[PDB]
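What follows is a short report on a single structure.
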Amino acid sequence: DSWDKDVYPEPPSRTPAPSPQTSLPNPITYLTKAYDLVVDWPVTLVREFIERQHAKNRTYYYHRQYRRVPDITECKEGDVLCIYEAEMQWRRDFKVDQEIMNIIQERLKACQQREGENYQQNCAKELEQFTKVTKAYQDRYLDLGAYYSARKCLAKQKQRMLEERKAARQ
Amino acid sequence: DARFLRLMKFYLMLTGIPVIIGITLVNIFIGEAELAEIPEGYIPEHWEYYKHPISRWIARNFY
Amino acid sequence: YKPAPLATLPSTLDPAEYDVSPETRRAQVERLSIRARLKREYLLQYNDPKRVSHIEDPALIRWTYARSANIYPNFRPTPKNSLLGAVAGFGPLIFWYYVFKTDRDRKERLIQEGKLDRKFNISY
Amino acid sequence: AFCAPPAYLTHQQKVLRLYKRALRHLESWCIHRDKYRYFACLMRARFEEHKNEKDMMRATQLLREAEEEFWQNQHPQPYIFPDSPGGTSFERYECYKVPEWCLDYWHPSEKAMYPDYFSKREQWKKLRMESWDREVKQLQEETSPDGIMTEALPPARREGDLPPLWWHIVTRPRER
Amino acid sequence: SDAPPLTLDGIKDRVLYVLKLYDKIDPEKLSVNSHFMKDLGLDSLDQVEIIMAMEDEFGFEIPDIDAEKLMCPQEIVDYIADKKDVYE
Amino acid sequence: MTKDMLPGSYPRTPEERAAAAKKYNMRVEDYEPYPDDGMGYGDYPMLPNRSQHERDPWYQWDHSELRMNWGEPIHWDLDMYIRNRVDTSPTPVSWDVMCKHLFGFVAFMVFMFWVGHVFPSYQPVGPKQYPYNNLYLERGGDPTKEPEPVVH
Amino acid sequence: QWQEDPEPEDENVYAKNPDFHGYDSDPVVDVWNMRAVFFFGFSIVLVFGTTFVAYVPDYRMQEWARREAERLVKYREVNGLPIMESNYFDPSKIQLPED
Amino acid sequence: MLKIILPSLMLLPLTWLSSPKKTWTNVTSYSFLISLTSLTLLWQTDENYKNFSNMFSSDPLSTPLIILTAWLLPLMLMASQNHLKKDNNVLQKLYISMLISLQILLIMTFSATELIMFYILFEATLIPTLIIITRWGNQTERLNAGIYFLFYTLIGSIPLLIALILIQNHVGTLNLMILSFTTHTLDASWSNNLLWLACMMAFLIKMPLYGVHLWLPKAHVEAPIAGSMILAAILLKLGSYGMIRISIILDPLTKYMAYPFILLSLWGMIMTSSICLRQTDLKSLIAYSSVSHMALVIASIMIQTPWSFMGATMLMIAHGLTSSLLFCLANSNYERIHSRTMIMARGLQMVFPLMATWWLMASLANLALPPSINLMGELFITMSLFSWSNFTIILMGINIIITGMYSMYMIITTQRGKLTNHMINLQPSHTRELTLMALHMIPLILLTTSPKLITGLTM
Amino acid sequence: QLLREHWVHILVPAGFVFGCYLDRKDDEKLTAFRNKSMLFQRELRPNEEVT
Amino acid sequence: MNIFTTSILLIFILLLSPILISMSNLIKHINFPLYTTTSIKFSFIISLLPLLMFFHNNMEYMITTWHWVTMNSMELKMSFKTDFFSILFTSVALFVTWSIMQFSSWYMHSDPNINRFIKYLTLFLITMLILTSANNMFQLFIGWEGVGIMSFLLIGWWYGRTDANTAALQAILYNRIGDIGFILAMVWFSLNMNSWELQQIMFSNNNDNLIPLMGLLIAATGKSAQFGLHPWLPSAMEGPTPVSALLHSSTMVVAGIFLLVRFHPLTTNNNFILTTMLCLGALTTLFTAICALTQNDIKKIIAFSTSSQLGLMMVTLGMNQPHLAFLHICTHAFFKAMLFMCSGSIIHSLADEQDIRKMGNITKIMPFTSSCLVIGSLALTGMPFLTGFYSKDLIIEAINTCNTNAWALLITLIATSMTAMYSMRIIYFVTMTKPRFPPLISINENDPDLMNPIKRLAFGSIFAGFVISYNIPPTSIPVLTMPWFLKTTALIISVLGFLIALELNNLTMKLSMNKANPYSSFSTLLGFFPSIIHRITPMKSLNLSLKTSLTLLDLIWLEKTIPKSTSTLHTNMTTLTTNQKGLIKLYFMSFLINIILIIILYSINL
């Protein structure tokens, strides 16, 4: 996994430092040491064997880059050709505008789980990053129905700017 | 009721075992391709974008 | 004690069951003959050989037909029924009509300020 | 279960029935047994006194207010046995008692097992089909032209004959 | 798991067993076909006293209209058995 | 099934009443239909509102589980009055009083809480005293804005 | 009387072909049809149909979403841009009316 | 979207061109194979929809339906074999050669690029239906359904027609994915107000309301089963493919104007669901339960939110299977007893010990069950409504409670209790019918796993 | 052989073929904007067509 | 980061083995209960290792295992939560269930279908651990209602006895209400926080989350049957006794009350529902306890006793001391699932008799159950160290020490005296009070399929609370100051509840007929809650469905308004169409009208 998932230094791990009287064997390491030879040692060999067959018949794929294909403000009314491209250009970003929001969600939960009862003042960095997102999201895509087409988003963005230059008049 | 389940359980195995066994073997040997970046202009062959092997085989013969 | 339509009273009370008079007594005899002739038919027809199908049970049918496809011809337009169907038909239909409307139209006046802060909502 | 209750044709069983239930609504008050055993003999006297009166008015006008007081003395949770109406296991073992006609759908590989139990079955059902018209004819010619008909509860006359309606009660499933 | 079934003999040797505890009738001279009202000196009320022991002996409380009929102690062995499906 | 074996419409002409109860296989006097006021209750009976519990649960019927024979015609609302939904079984306590102790219990019950909420059974001490001001940092605050004034 | 044939009473067809499956009375049409019911339908159409319940990738372009999305952040987040800027259609190349 | 239909044409001769004791077998087998050919269109790698022809088309909304219909056909074709066990070979063919047409016509609709071709097949679905219920019904009242089912479906259809006419006069083309783009903002005129009726109304006859729904019970009660499946499965819940497409042109008015049809549902959605307690006719019982659910779908489209549409597509298809299922469950008894009665065969599970486990898996799916889709549809429809209004739950909750009664109550009065000992005519199970309930559920069990498929335009 | 009591089995798949041809005759009927779309607009190697 | 994940999934694979082998044409060869029960034995063995991991490190992982669906900024993923809540209950609800199948082979043999029975427990036993383990608020909801549905099907087991079908359905009636305020919540969070899973949901600490939070009470009151929905549970004792043990004391009544502890940091920041935790939760501690006294059916008496104990858990949430509750969740299973487990040993030994009036020397005839029943009921109330102290103490320390309310303390304390006053009853009329039971002695005992599990609950009910008291991470800071008559309250008060019940059930020995006051008849039945509601609502809320919605509206009005009013409109206009005698002296005088009209029509237009 890439280094964009805030994997903050993975162990701040503690150390084994016993202090009982007439010290006992701990069932964790008395058993997990009995675990990394019996089911990890097989399964580590198997995938170690799966890998070498994959590089025999190795196969590649790619990402399918895309283009700008001008958006709607350059585009003509009625002319279905242009708009259709720009339209399926926008719904083509409506996902990528929204799979991001899946990542922050995905990132906004794992924070406090790797912080437990700290939970705040160590996830504000991630939480401030969230309101920052959600505010543009709603300001992009809130009032819309399910027939969301770029002519509506474009109007939503255009009703808004009027107040942005109507409230700058007093 | 028993005859039935004995038949339901069978004719699904009749094609489930050729598949499930067969589909374990493909992933074992091969499959699960990897990312890659375009060679500065290559015109990928329409299934150089999808991962799973059989899935980028169906896409060759069809679609 | 005080009987009610629900939780009616036992039969040891309610002073029937006591007046064994030949005008009251004959009833409990003749129902019972009416009843035995009938059950004896079902007995005579339950364990009849060659009965292969089920048994008709027509009275059960007279109740359904009476309830489903034998109502509307037995209609009479009346008050207590024309007034009652509107208040069952349109009444609740018109009660909520002010609720959801004012729920919205009070929700709408707030949204046009920001006094009703749109929190992290995306459902539309 | 096996009889029919007609009109409660007289004061007697109405009282024996009242004594029956009313008695059962004492042990739930008298949990302990020695305590129970006492109060019954007193209530026994509450009937053994005014045993025979013949005043049908007062017989009813004792037997009527007998419940205008007992109702306000009975126990709310009486002791009914298992298998008793309203009680636990009144119908527990009824999810298994299949009606025995359905047995005649098993085919071989299910009744190829034990060729004897069905060797019985056919010599039972031979008795049935061969005893029907004789059986019904009795009910036909039974002197029931008019009037009283309780159930007529008819037996088999002393013949080489089988009684009236019997597949109901006999061949019914067991209990457990 | 337990509760072994009877054999109409652990009934008959157990019904008559009960009737000998009654102390108002049955001075160890009764029998199995011995009616109550006519040849033992009981009342009808004295009969309801009998069936309750049998009810208290098994736990299947007899309906209203079956104690009315059961007079002979054989008849008590004769109704207990037809119900509980004895003689397998 | 026959046309004039199925129901009809409000049998006027009291000679006709015999052709309702003997149609439905019933004693004539006992058969008095609905008052006819409005709804399509036709020539069907009334049949007093017995829940099917008070029926003597012994005595195998032609229709087990349901407390009816092959005839003895059916209560109109025999959906509620089976032994699956309702029971009008006579109760050892009477409705008006039985409905009173419950609502009489609760309305007395609720009133103590309000009485108790006035006089809470507190413990004669102060509140807690937290480490820092009110910690401002894990309770949830903004440690680029001001510090806070409160302190012990 | 009106002279139509009487009702045909019940048939009770588990007497010949106690292996009767449901299709036709004669023994050898059931077996060579049900086997057609199962195999043509019940085996392949579920199995080979469910072979696409896992396959048919990027169904409506979701698997492709993560790639561009994980790409779009690591380019936009590393350099100094704020993610999710404020909006679509920047105030350039948009001519609002006056007053 | 042609390689599907044209085989399904070739089935129609196949029945007339097959031998008597070989005809259900062949026609049954390939109809399954039609499903696979009716599945290739799932190759939706992109949001770029699959506009094959200048008349036929596809969507994530239709492709469930298109798949679904080709799946109902073998099924419904199978469930009507012991029914009509005795009849001419002609009827035994014609009942196929008429029934199939529903497959062919509906495919054309659900694939359609336009509203006419939808329209002139929105009523050509009618010939194969009315022909059935009026012909192979088993009741004296079979005919009045063929009248009610006929006219309500038309009396609304004609305004719907006239609006499609009008739209053409203003624009010219009257097709999809253009009106979506060349969409004008309406003036909210009274003349323009009547248009919102006419373009919604006929679909709201299909999806029945608290009002016009009298045609739905009379239909199902009298259809043998195949006038009940499709009439419940894809002939009903057909309006949505109509009502979602046509609703797109006229959104700027359908905020203020749609409160009644929304509201008239959310009462009837509770009433029909509460009627469905105290009923006798089983085959009627289910018919209301569909009207209960689909009343929520009418409370979906008029809100236009994505989870609301998703709340329908996870509900329509989730309902068509389980609805078409439950009729078979009843048809597993009416063919044995010959009475639509919820009480005559009550103490089952002694005799049909397994079929109970197809009732039981179904009724649970009738109500909202969590690892399922009848909930996911009934859930998202709640969520959108809570956004539309936070007091719908005071109305929704009254149903999901009631829905926990009648769905289970069907189990009680049909599989639990002392058996009606007096029914020797209980053939335990035909393997014909017993594998129907498989071919309903195993779709759900799989379709429940990955419902990325089943969603609508939005996801 | 005999009078071909079973030949209809050839009948339907001849349709699926014929459909896949008619579905394809549709394709070469449209055959416009073969590369003139703004999205792809990719000139190919030396070879000839795309669809 | 490997072992822990790898086991917590693996227990399901053990539990999915009985079911996934239940249809293989193999179950009819082997001893499927023992098979299952053997798997359960290894599941507990495996389950300790997570618990052994948590106490040492307190690590709280959040496994996912799967991606189900993508939905507009919500990746619907299965996912498992585990922190002090699905790490101990997951083992103890599993441990006890080992002591059910062994029983449920002995109890409920002579049954043609246990393999079908045992199937359904493991259906349940999976669903409850999901509810417990579920990260999401929807994955939880699988374990919300499947838990409920599967109880409808074991309560209603002998599928005659429609009275048992009812009392199953009665539950589902009130459970599908608990469905509602759950779904109110899971709708609200989405519509304010696009997650459905707990982690992001915690970030709404400041939103006045008032009504959704109240919806959870509906969810609580459904499964954890408080008072508005109490009566389904005792009526749902018509099912078999282990099911009453498994479900309705340890693995369903925990559900609603377990929900709140997983939402414990949100009931903290409100001060209103934080009350109605108490005022509703504590109502049940009093009412059901009073109801519980003058009952006679044991399985009811135990059932009622849960409902008070059920409330006292909520009373923990009556303040912000939730971790005490979960500790009481655990211990409440090692008692109740002994008594049923101990009661079926009493019952099935002899006949199906299961009311106390007909037995009184269980001490002598069964010195075993009369040794372990007491280990239940003694340890239950307040026995000073048997886990109904290490639970009950820390409860009563708080209730009389936090600023809560006044009446709630009394009704609790009066009721905490009252867990005795029916346990004294059970442990006297059953275990003393010289016997009364029919003569046939069929007591089978010493069956090692019976003792060996009954042993362990005793081992569990005695040791485990201590073992859990210290090994856990201490939170819920314990006020321990408590002058003489606060800390010493739960002890004396339970002793007090013996003596009165002793003298009360000793004065029933003397020959004297006692009076039927409303007290001990109000409480003999239920407080009249079922008797009065279960015959008005299905007589009003069901009769408000025929003559206003079917035979009024859907059938006899709506069938007039559109259809028949229209048909009549046309056919009435149809008779006047063509009911003229076919003359021409009329038609022409009819035509000539048209002639004038089209003149008088044209002569206006111009």
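Simple scheme: letters A, B, ... for chains in structure tokens order, numbers from 1 for residues in each chain, numbers from 1 for ligands in the order shown.
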Can you build me a table of chain B residues sitting at most 10 Å from chain A, with the closest atom pair per residue and its distance in Å to one decimal, using only C-alpha atoms, sorted by chain and residue number, as a tab-separated table?
residue	atom	partner	partner_atom	distance
B:27	CA	A:50	CA	8.7
B:28	CA	A:50	CA	5.9
B:29	CA	A:53	CA	5.4
B:30	CA	A:54	CA	4.9
B:31	CA	A:54	CA	6.9
B:32	CA	A:59	CA	8.2
B:33	CA	A:59	CA	5.3
B:34	CA	A:60	CA	5.4
B:35	CA	A:61	CA	5.5
B:36	CA	A:62	CA	5.2
B:37	CA	A:62	CA	6.0
B:38	CA	A:62	CA	6.9
B:44	CA	A:62	CA	8.3
B:45	CA	A:61	CA	9.8
B:46	CA	A:64	CA	9.1
B:47	CA	A:61	CA	7.3
B:48	CA	A:61	CA	4.1
B:49	CA	A:62	CA	4.5
B:50	CA	A:61	CA	6.1
B:51	CA	A:61	CA	6.3
B:52	CA	A:61	CA	9.6
B:53	CA	A:59	CA	8.3
B:56	CA	A:61	CA	9.5
Go ahead and save the residues from that selection, with N, CA and C atoms, as a CSV table (one decimal), in the first residue's frame.
chain,number,residue,atom,x,y,z
B,27,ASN,N,-5.5,-19.5,-10.4
B,27,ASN,CA,-4.9,-18.6,-9.5
B,27,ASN,C,-3.6,-19.1,-8.9
B,28,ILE,N,-3.5,-20.4,-8.6
B,28,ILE,CA,-2.3,-21.0,-8.1
B,28,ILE,C,-1.2,-20.7,-9.1
B,29,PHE,N,-1.3,-21.3,-10.3
B,29,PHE,CA,-0.3,-21.1,-11.3
B,29,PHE,C,-0.1,-19.6,-11.7
B,30,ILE,N,-1.1,-19.0,-12.2
B,30,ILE,CA,-1.0,-17.7,-12.8
B,30,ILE,C,-2.0,-16.7,-12.3
B,31,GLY,N,-2.1,-15.6,-12.9
B,31,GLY,CA,-3.2,-14.6,-12.6
B,31,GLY,C,-2.8,-13.6,-11.6
B,32,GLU,N,-3.8,-12.7,-11.3
B,32,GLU,CA,-3.5,-11.6,-10.5
B,32,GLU,C,-2.4,-10.7,-11.0
B,33,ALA,N,-2.6,-10.2,-12.2
B,33,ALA,CA,-1.6,-9.3,-12.8
B,33,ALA,C,-1.3,-8.1,-12.0
B,34,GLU,N,-0.3,-7.3,-12.4
B,34,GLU,CA,0.2,-6.2,-11.7
B,34,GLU,C,0.0,-4.9,-12.4
B,35,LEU,N,0.0,-3.8,-11.7
B,35,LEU,CA,0.0,-2.5,-12.3
B,35,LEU,C,1.2,-2.4,-13.3
B,36,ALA,N,1.2,-1.4,-14.1
B,36,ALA,CA,2.3,-1.0,-14.9
B,36,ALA,C,1.9,0.4,-15.6
B,37,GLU,N,2.9,1.1,-16.0
B,37,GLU,CA,2.7,2.4,-16.6
B,37,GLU,C,3.1,2.3,-18.1
B,38,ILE,N,2.4,3.2,-18.8
B,38,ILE,CA,2.4,3.0,-20.3
B,38,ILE,C,3.8,3.2,-20.9
B,44,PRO,N,-2.4,0.1,-25.9
B,44,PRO,CA,-2.7,-1.2,-25.2
B,44,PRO,C,-3.9,-1.9,-25.9
B,45,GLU,N,-3.9,-3.2,-25.8
B,45,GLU,CA,-4.8,-4.0,-26.6
B,45,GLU,C,-6.1,-4.3,-25.8
B,46,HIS,N,-6.7,-3.3,-25.2
B,46,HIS,CA,-8.0,-3.3,-24.7
B,46,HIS,C,-8.2,-4.2,-23.4
B,47,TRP,N,-7.3,-5.1,-23.1
B,47,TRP,CA,-7.4,-5.9,-21.9
B,47,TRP,C,-6.1,-5.8,-21.1
B,48,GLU,N,-5.2,-4.9,-21.5
B,48,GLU,CA,-4.1,-4.5,-20.8
B,48,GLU,C,-4.5,-3.5,-19.7
B,49,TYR,N,-5.8,-3.4,-19.3
B,49,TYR,CA,-6.3,-2.5,-18.3
B,49,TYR,C,-7.0,-3.3,-17.2
B,50,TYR,N,-7.3,-4.6,-17.4
B,50,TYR,CA,-8.1,-5.4,-16.4
B,50,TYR,C,-7.1,-6.4,-15.8
B,51,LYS,N,-7.4,-6.7,-14.6
B,51,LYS,CA,-6.4,-7.5,-13.8
B,51,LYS,C,-6.6,-9.0,-14.0
B,52,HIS,N,-7.8,-9.6,-13.7
B,52,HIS,CA,-8.0,-11.0,-13.5
B,52,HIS,C,-7.7,-11.7,-14.9
B,53,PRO,N,-7.0,-12.8,-14.9
B,53,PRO,CA,-6.7,-13.5,-16.2
B,53,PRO,C,-7.8,-13.8,-17.1
B,56,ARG,N,-9.5,-11.0,-18.6
B,56,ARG,CA,-8.8,-10.4,-19.8
B,56,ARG,C,-8.6,-11.5,-20.8
Practice prompt. Kindly provide, as a PyMOL selection string, the residues of chain F having any atom no farther than 6 Å from an atom of chain C, counting only C-alpha atoms.
Written response: chain F and resi 6+9+38-40+42+71+88-90+94
Write to file, as a compact mmCIF listing (two decimals), in the first residue's frame, the residues of the selection just made, with N, CA and C atoms.
# COMPACT_ATOMS: atom_id res chain seq x y z
N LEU F 6 -75.51 -20.18 -1.32
CA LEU F 6 -74.64 -19.11 -0.86
C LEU F 6 -75.45 -17.91 -0.39
N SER F 9 -79.18 -11.27 1.07
CA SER F 9 -79.28 -9.85 1.41
C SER F 9 -80.46 -9.64 2.35
N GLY F 38 -76.12 -0.04 7.06
CA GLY F 38 -75.00 0.33 6.22
C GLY F 38 -74.31 -0.83 5.54
N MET F 39 -73.24 -1.31 6.17
CA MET F 39 -72.31 -2.25 5.55
C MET F 39 -72.97 -3.51 5.03
N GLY F 40 -72.22 -4.28 4.25
CA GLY F 40 -72.76 -5.40 3.53
C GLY F 40 -72.90 -6.67 4.33
N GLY F 42 -74.99 -9.14 5.20
CA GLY F 42 -76.25 -9.51 4.60
C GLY F 42 -77.05 -10.40 5.52
N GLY F 71 -70.01 -27.90 10.66
CA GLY F 71 -70.88 -26.76 10.49
C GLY F 71 -70.81 -25.82 11.67
N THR F 88 -61.08 -13.47 25.08
CA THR F 88 -62.07 -12.91 25.99
C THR F 88 -62.35 -13.81 27.18
N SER F 89 -61.41 -14.69 27.52
CA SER F 89 -61.60 -15.64 28.60
C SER F 89 -62.00 -14.91 29.88
N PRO F 90 -63.05 -15.34 30.58
CA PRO F 90 -63.43 -14.64 31.81
C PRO F 90 -62.31 -14.66 32.83
N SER F 94 -62.13 -7.96 37.46
CA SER F 94 -63.08 -7.31 36.58
C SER F 94 -62.44 -6.15 35.82
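Residues within 9 Å of segment 75-84 of chain G, counting only C-alpha atoms and excluding same-chain residues fewer than 6 positions away, are residues 4, 97, 100, 129, 132, 133, 134, 136 and 137 of chain A.
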File dump, residues just selected, C-alpha atoms, as a compact mmCIF listing (two decimals), in the first residue's frame:
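Once everything was written out, this is out26.txt:
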# COMPACT_ATOMS: atom_id res chain seq x y z
CA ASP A 4 -0.74 8.18 1.34
CA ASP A 97 -14.92 13.18 -6.78
CA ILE A 100 -11.94 10.29 -2.61
CA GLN A 129 -9.18 17.59 6.60
CA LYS A 132 -12.62 20.83 4.44
CA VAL A 133 -13.78 18.12 2.05
CA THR A 134 -17.43 17.79 3.02
CA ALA A 136 -16.96 21.53 -0.95
CA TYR A 137 -18.87 18.30 -1.52
Item to complete: Could you give me, as a PyMOL selection string, the residues within 10 Å of residue 70 of chain G, counting only C-alpha atoms and dropping anything in the same chain fewer than 6 positions from it?
Response: chain A and resi 2+4-5+96+99-100+103
Discussion item. If I take atom CA of residue 521 of chain J and atom CA of residue 299 of chain J, how far is one from the other in Å, to one decimal?
Written reply: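 According to the coordinates, atom CA of residue 521 of chain J and atom CA of residue 299 of chain J are separated by 19.1 Å.
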Using only C-alpha atoms, tabulate the residues of chain D lying at most 7 Å from any atom of chain C, each with its closest atom pair and that distance in Å to one decimal, by chain and increasing residue number, as a Markdown table.
| residue | atom | partner | partner_atom | distance |
| --- | --- | --- | --- | --- |
| D:7 | CA | C:28 | CA | 5.7 |
| D:129 | CA | C:49 | CA | 6.6 |
| D:148 | CA | C:33 | CA | 5.7 |
| D:149 | CA | C:33 | CA | 4.6 |
| D:150 | CA | C:36 | CA | 5.9 |
| D:151 | CA | C:36 | CA | 5.3 |
| D:167 | CA | C:47 | CA | 6.1 |
| D:168 | CA | C:47 | CA | 7.0 |
Discussion item. Here is a test: counting only C-alpha atoms, which residue of B:6, B:63, B:13, B:1 is nearest to chain J?
Written reply: B:6
Discussion item. I want to know what sits within 9 Å of residue 102 of chain D, based on only C-alpha atoms, with residues of the same chain fewer than 2 positions away left out; could you give that as a list in words?
Written reply: residues 98, 99, 100, 104, 105 and 106 of chain D; 351, 424, 426, 427 and 428 of chain H
Would you put the residues from that selection into a file with C-alpha atoms, as a PDB file, in the first residue's frame?
ATOM      1  CA  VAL D  98     -49.215 -37.826  11.771  1.00  0.00           C
ATOM      2  CA  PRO D  99     -52.660 -38.993  10.666  1.00  0.00           C
ATOM      3  CA  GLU D 100     -51.651 -42.449   9.313  1.00  0.00           C
ATOM      4  CA  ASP D 104     -49.663 -44.778   1.947  1.00  0.00           C
ATOM      5  CA  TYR D 105     -47.306 -42.698  -0.156  1.00  0.00           C
ATOM      6  CA  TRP D 106     -44.050 -44.446   0.726  1.00  0.00           C
TER       7      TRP D 106
ATOM      8  CA  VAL H 351     -46.369 -33.525   5.451  1.00  0.00           C
ATOM      9  CA  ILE H 424     -55.664 -37.318   1.789  1.00  0.00           C
ATOM     10  CA  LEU H 426     -51.589 -34.040  -0.249  1.00  0.00           C
ATOM     11  CA  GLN H 427     -49.118 -35.346  -2.724  1.00  0.00           C
ATOM     12  CA  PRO H 428     -45.903 -34.628  -0.752  1.00  0.00           C
TER      13      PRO H 428
END
Item to complete: as a VMD selection string, please: all residues of segment 310-398 of chain J that backbone DSSP puts in alpha helix (DSSP H).
Response: chain J and resid 310 to 317 322 to 331 333 to 349 362 to 365 369 to 381 392 to 398
Fill in: Proximity to chain E - best of J:60, J:352, J:179, J:75, only C-alpha atoms
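Answer, going by the shortest atom-to-atom distance: J:352.
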Show me a table, sorted first by chain and then by increasing residue number, of the residues of segment 1-97 of chain D having an atom at most 10 Å from segment 22-46 of chain E, each with its shortest atom pair and the distance in Å to one decimal, counting only C-alpha atoms and written as a tab-separated table.
residue	atom	partner	partner_atom	distance
D:12	CA	E:44	CA	8.6
D:13	CA	E:44	CA	8.9
D:15	CA	E:45	CA	9.0
D:16	CA	E:45	CA	6.5
D:19	CA	E:45	CA	8.4
D:20	CA	E:45	CA	9.6
D:44	CA	E:45	CA	9.2
D:47	CA	E:45	CA	9.2
D:48	CA	E:45	CA	9.0
Dump of C-alpha atoms for the selected residues, as a compact mmCIF listing (two decimals), in the first residue's frame:
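This went into result-v3.txt:
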# COMPACT_ATOMS: atom_id res chain seq x y z
CA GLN D 12 -76.32 -33.17 40.05
CA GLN D 13 -73.30 -33.20 37.74
CA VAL D 15 -72.49 -29.67 41.36
CA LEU D 16 -70.05 -32.57 41.07
CA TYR D 19 -67.05 -29.51 43.45
CA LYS D 20 -64.40 -30.76 41.05
CA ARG D 44 -66.90 -31.25 52.23
CA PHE D 47 -71.99 -29.61 50.77
CA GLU D 48 -72.73 -32.56 53.05
Contact check, chain A to chain J, at most 10 Å, counting only C-alpha atoms, closest pairs as CSV:
residue,atom,partner,partner_atom,distance
A:14,CA,J:57,CA,9.8
A:26,CA,J:56,CA,9.8
A:27,CA,J:52,CA,8.0
A:28,CA,J:53,CA,7.0
A:31,CA,J:49,CA,9.3
A:32,CA,J:3,CA,7.6
A:35,CA,J:3,CA,8.2
A:36,CA,J:3,CA,9.5
A:40,CA,J:2,CA,9.8
A:94,CA,J:72,CA,9.7
A:95,CA,J:72,CA,8.3
A:97,CA,J:73,CA,9.5
A:98,CA,J:73,CA,5.8
A:99,CA,J:73,CA,6.5
A:100,CA,J:73,CA,7.9
A:101,CA,J:73,CA,5.3
A:102,CA,J:73,CA,4.6
A:103,CA,J:73,CA,8.4
A:104,CA,J:73,CA,9.1
A:105,CA,J:195,CA,7.6
A:106,CA,J:75,CA,8.3
A:108,CA,J:200,CA,7.0
A:109,CA,J:199,CA,5.4
A:110,CA,J:199,CA,8.0
A:111,CA,J:199,CA,9.4
A:112,CA,J:199,CA,7.6
A:113,CA,J:199,CA,7.5
A:114,CA,J:61,CA,9.0
A:116,CA,J:60,CA,8.5
A:119,CA,J:203,CA,9.2
A:120,CA,J:203,CA,9.2
A:127,CA,J:203,CA,9.1
Worksheet item: Quick one: of D:72, D:96, D:82, D:141, who's nearest to chain H, counting only C-alpha atoms?
Response: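 Among the listed residues, the smallest separation from chain H belongs to D:96.
Using only C-alpha atoms, the smallest distance between any of A:25, A:67, A:77, A:123 and chain F comes from A:123.
Taking atom CA of residue 287 of chain J and atom CA of residue 86 of chain D as the two end points, the separation is 25.2 Å.
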Item to complete: Please report as a ChimeraX atom specification which residues of chain G come no farther than 12 Å from chain J, using only C-alpha atoms.
Response: /G:54,58-63,65-66
Discussion item. To test your reading of the structure, identify every residue in segment 46-244 of chain J that backbone DSSP assigns to strand (DSSP E or B), and report it as a PyMOL selection string.
Written reply: chain J and resi 69-70+75-76+80+134+136+197
Worksheet entry | Contacts of residue 5 of chain B at 9 Å (only C-alpha atoms; same-chain gap of 3+ positions) as number ranges by chain | B: 1-2, 8-10; J: 23-25
